[PDB]
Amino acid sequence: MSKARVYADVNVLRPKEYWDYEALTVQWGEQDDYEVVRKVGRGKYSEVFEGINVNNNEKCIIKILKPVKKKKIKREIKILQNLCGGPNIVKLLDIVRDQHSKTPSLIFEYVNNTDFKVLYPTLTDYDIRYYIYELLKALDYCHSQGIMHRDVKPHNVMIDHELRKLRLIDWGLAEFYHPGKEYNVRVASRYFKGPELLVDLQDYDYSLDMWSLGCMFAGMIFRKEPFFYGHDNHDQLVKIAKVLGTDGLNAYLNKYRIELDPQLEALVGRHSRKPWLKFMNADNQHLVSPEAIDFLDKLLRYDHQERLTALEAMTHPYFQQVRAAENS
């Protein structure tokens, strides 16, 4: 019977209309107000384009959604409206649809991002602390509003390196947290899927996002994209096991009385825990300081209940200089 250690009662205390996204009655804006300038991104659920608001002539992001259930689209919209205005949360400006096809488009404030594959390698030690801290504000905020992002990964973190601005995007897989609720484990992207999803523990919570963040963080400091490189869901768990060790996994499975699929349990085998320093090399030496390791260690824990909360992560000494600069 797992439950969140923090913000567990957020949706319990708020009006049913706050979290009842299926009751939402979408108020469609004007399709023609926004025009496509250039394609900038794509995914299995949508196509993204840099656009222009014909009225004010300012930039915008046009996320054209691929065919999907009415329920899922109202969910992303409700979540975007509830989070609009929060620290580093992408800002939903409008919602429109194509009359004939009914193809919906979500309009967002613009963010001039820089592909992480090219950006990350140039980030300095301080840049990593700064940006991870900013991403942390976004997670503590959405969690405090009773929402799990469920798809934290580089591609969903827009970074304008010039203006040092950060935005957490694509809430298409986000969901409201309800104590005891059993959620679908088919969320997030494989490399950032936490153990809970890989072993079918359905009653997960905000902590799922912290494992994902931890994967991102580990990839940045160790300069290894992605950190846990698995080919399918089974292999994803195996790559994690060979690092954290199988004792921790077995302890985890016993705590939540979970039985691993015979096949999976066979693939995982048995592995000793590998110290985080064995991943250091001349390419990442200038980033793997002791504070970084202590911090990463507290994020990548099998037991989702053991992981630091977004709020705790922000106070870790690792971010001490980022906080000091902010409070100046």
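Superpose the two forms; the largest set of C-alphas matching within 1.5 Å is the rigid core. Sequential numbering from 1, following the sequence displayed.
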Open item on the list: For a rigid core alignment of each structure in 4 other deposited structures of this protein onto the shown form, which stretch has the higher root mean square Cα deviation: 207-215 or 102-110?
Closed with: 102-110
TODO: Rigid core fitted first, then name the stretch among 37-45 and 295-303 whose C-alphas deviate most from the displayed form in 4 other deposited structures of this protein.
DONE: 37-45
Open item on the list: Going by the mean C-alpha B-factor recorded in the entry, which is higher: 105-113 or 141-149?
Closed with: 105-113
Task: Mean temperature factor over C-alpha atoms, higher-scoring stretch between 9-17 and 307-315 - done: 9-17
Task: Candidate residues 188, 258, 168, 215, the one whose C-alpha B factor the record puts highest - done: 258
- [ ] Ordered by C-alpha B-factor within the chain, which third holds residue 291? Give me lowest, middle or highest, please.
- [x] middle
Task: Chain third (lowest, middle, highest) by recorded CA B-factor, residue given as residue 48 - done: middle
TODO: Taking the chain's C-alpha temperature factors as the reference, tell me which third residue 39 falls into: lowest, middle or highest.
DONE: highest
Task: Third of the chain's Cα B-factor distribution that residue 1 belongs to, per the entry - done: highest
Open item on the list: Going by the CA temperature factor in the PDB record, which third of the chain does residue 99 belong to: lowest, middle or highest?
Closed with: highest
